[PDB]
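So the chains spell out like this:
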Amino acid sequence: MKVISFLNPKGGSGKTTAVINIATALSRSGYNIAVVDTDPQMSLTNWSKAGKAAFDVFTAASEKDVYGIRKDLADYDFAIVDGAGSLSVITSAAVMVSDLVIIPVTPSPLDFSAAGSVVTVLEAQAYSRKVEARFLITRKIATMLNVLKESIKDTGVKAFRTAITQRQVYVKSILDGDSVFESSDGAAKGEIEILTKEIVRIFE
Ligand SMILES: Nc1ncnc2c1ncn2[C@@H]1O[C@H](COP(=O)(O)OP(=O)(O)O)[C@@H](O)[C@H]1O
Ligand SMILES: [Mg+2]
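- Method of determination for the deposited model, per the PDB record: X-ray crystallography, at 2.45 Å resolution.

1. Considerations on the layout of surface pockets
Okay, step 1: In this model, the largest pocket occupies a volume close to 320 Å³.
Okay, step 2: In terms of lining, the largest pocket is formed by 15 residues, of which the most central are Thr-17, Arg-139, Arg-167, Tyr-170 and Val-171.
Okay, step 3: The dominant element in the lining of the largest pocket, judged by the number of residues it contributes, is helix α8 (residues 168-176), at four residues.

2. What to know about the pattern of salt bridges
Okay, step 1: With the rule as written, the count across this model stands at six salt bridges.
Okay, step 2: Of the charged contacts, one joins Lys-71 and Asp-72 as a salt bridge, the two residues approaching to 3.7 Å between their closest N and O atoms.
Okay, step 3: Judged by its relative accessible area of 69%, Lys-71 is exposed.
Okay, step 4: Between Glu-132 and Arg-134 there is a salt bridge whose closest N-O contact spans 2.6 Å.
Okay, step 5: For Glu-132, a relative accessible area of 37% gives the class partly exposed.

3. Notes on the environment of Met-1
Okay, step 1: Summarising the element assignment, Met-1 is placed in the segment before β1 (2-6).
Okay, step 2: The sequence separation of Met-1 and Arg-129 amounts to 128 residues, and the corresponding C-alpha distance is 17 Å.
Okay, step 3: Those residues in contact with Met-1 that sit more than four places away from it in its chain are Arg-70, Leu-73, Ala-74, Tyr-76, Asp-77, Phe-78, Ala-79 and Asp-99.

4. Points about the environment of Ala-187
Okay, step 1: Among the secondary structure elements, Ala-187 is positioned in helix α9 (residues 186-203).
Okay, step 2: A sequence separation of 22 residues divides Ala-187 from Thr-165, and the C-alpha atoms of the two residues are 9.5 Å apart.

5. Let's talk about the UniProt feature "binding site: Mg(2+) 1" (unreviewed entry) in the protein
Okay, step 1: UniProt records the feature "binding site: Mg(2+) 1" (unreviewed entry) at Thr-16, using the numbering of this structure.
Okay, step 2: With respect to the helices, strands and loops of the structure, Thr-16 is situated in helix α1 (residues 15-28).
Okay, step 3: If sequence neighbours within four positions are ignored, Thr-16 has contacts with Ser-43, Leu-44 and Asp-82.

The rules behind each value
Residues numbered from 1 in each chain as written, not as in the entry; some residues may be left out. Chains lettered and ligands numbered in written order. Heavy atoms only, no water. 1 Å grid on protein atoms, 1.4 Å probe; cavity = no way out; pocket = protein on both sides within 12 Å on 5 of 7 lines; lining within 4 Å. Points joined across faces, edges and corners; volume = space filled by probe spheres on them. Helix = DSSP H or I, 4+ residues; strand = E, 2+ residues; numbered from the N terminus. Salt bridge = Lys/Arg side-chain N within 4 Å of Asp/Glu carboxyl O. Buried < 20%, exposed > 50% of the residue type's maximum accessible area, 1.4 Å probe, protein only. Contact = heavy atoms within 4.5 Å. UniProt positions renumbered as here; feature names shortened; annotations may be inferred.

Right, dumping it as structure tokens:
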């Protein structure tokens, strides 16, 4: 059983969109996936209500639910935590039980600051058990793209090779209650797929 958490208190980092699609790609690979929504706005929970999720969706009522994910979702291959906002406990709880922390970040310069709060938590965790961490560029298109790439290197945490390109298909699919794999967008499905293999490769 492995836990993957998408953390970044900043809203609009692209956590839910990534989670929904990467979780779906993992299912397509034959893995049993459990996703836990920790956001109060329940973006993912509501999306799943459409009934098209290719995995199991859970809605956390508090940090307590995150705290007991290892035991609760122990029968799944992967348990993905869809990060919250202001509730900083969620981040600490997630990091504490995660095997892979992914930090979705956009090229927005004035938004990288929030992603750093997660790194601070990671560094602290390192004392107990260093958890693999990766930055993930989302809503990719630039110069600020390069500046972001340098700020990331300063954190000591590497970024995934594949970035989530900004595409309407990501917005529409979630809106229709499904993922990019329910569309005919090969490029979109492709990067999500390649990205999903970089995740799997990290575990292998
Ligand atoms: N890869 C993407 N391509 C196009 N728009 C995106 C992408 N990722 C996120 N967005 C847009 O930005 C918003 C924030 O994404 P979301 O996954 O909800 O973020 P968090 O998970 O940051 O709340 C979406 O509602 C959508 O409008
Ligand atoms: Mg979200």
